[PDB]
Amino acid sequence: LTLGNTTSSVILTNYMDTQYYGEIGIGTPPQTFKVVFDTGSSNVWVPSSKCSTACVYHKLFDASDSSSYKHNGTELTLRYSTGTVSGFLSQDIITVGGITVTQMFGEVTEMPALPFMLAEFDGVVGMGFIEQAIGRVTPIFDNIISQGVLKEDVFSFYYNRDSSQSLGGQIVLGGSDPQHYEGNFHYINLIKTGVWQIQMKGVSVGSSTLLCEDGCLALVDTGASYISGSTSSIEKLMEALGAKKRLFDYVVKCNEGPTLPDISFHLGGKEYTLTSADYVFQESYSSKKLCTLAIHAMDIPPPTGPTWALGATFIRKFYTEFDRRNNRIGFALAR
């Protein structure tokens, strides 16, 4: 008897406004892992006890301590923006919030030091669609929908601003937390099912629509730390903001930061505005200091890209709901 009224929540940890991670349990008894819940990918993976370099810094899964483990052994390679991971498939019981699902995940044996020694999380829970899943492995949310236990076939994200004994964030499975948003949701449908990507009708700097006038794509990526666009777009945008290209990021003089113009994204006939307080890492106010912007360039290869990606920078401002039943994304202002 699976009566659909569940709304299981996961408390997230905010690390530097770049990494938001919660706790999952794998096995019988459960082995806990710090995971990033990523709408940009669809595979679940944790480091393996069978791991031979970043592995030393993370919690490892030992199949030999799980009574519910079922072998598979299929080799698997998962490629992200900063680096690639490698391992094999295994099956066990995964606990997320108060939900228990039999999930096929990847035990990772090859995990490079760069970028994984910078990661504060052990693994990744992909919140994308089977269409994006490596080796056509059923994603965890698809398996939760199959249980027929949720209030609604939706999940929502809340990413807070770094503070202190405060909530870093929160994923709700089955609904949305009204304590974390103001007013009502505005929905935008997905271009196609299979990707958490919507149409964008322009990017503005101040009150002038500078970019994406003839339309472009926007990927709603909980796994991305920043807002990203193509090199072309980010060059135009940063020139408008008067930001200079440093080696890995764009900076402005720290004094110039509070006077930077609003950046607006046109999504579903509504403008979603980020003020300077939302995209500048205001670490100092000095003229002698350089301050980083929470916006970078990233070229996403086809079929997904070229696209913009609305990461933690966007999500922190706008509470996000991902609707599987209706294939649409909802934004309400975060609280």
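Under this definition, the rigid core comprises the largest set of C-alpha atoms superposing within 1.5 Å between the forms. Note that residue numbering follows the sequence shown and begins at 1.
Two stretches, 80-88 and 67-75, are weighed by how far their CA atoms sit from the shown form in 9 other deposited structures of this protein after rigid core superposition; the farther one is 80-88.
For 57-65 versus 271-279, the mean Cα distance to the shown form in 9 other deposited structures of this protein after rigid core alignment is larger for 57-65. Of the other entries compared for this protein that flank it with modelled residues, a third or more give no atoms for residue 166. For residue 4, the record comparison shows coordinates absent in at least a third of the other entries of this protein that model its neighbours. The stretch of deposited sequence separating residue 208 from residue 209 contains no residues lacking coordinates in this entry. The modelled chain breaks between residue 52 and residue 53, where 1 to 3 residues of the deposited sequence lack coordinates. When the mean C-alpha temperature factors of 172-180 and 111-119 are read from the deposited coordinates, 111-119 comes out higher. Relative to its counterpart among 151-159 and 233-241, 233-241 has the higher mean temperature factor, C-alpha atoms as listed in the PDB entry. The residue among 40, 305, 29, 268 whose C-alpha carries the highest B-factor in the deposited model is 305.
Per the deposited record, 165 carries the highest C-alpha B-factor of all listed residues (225, 90, 165, 199).
Compared with the other modelled residues of the chain, the Cα B-factor recorded for residue 61 ranks in the lowest third. For residue 9, the recorded CA temperature factor ranks within the highest third of the chain's modelled residues. For residue 262, the recorded CA B-factor ranks within the middle third of the chain. Only modelled residues enter the ranking.
Looking at the C-alpha B-factors along this chain, the one for residue 80 belongs to the middle third. Sorting the modelled residues of the chain by their CA temperature factor places residue 221 in the middle third.
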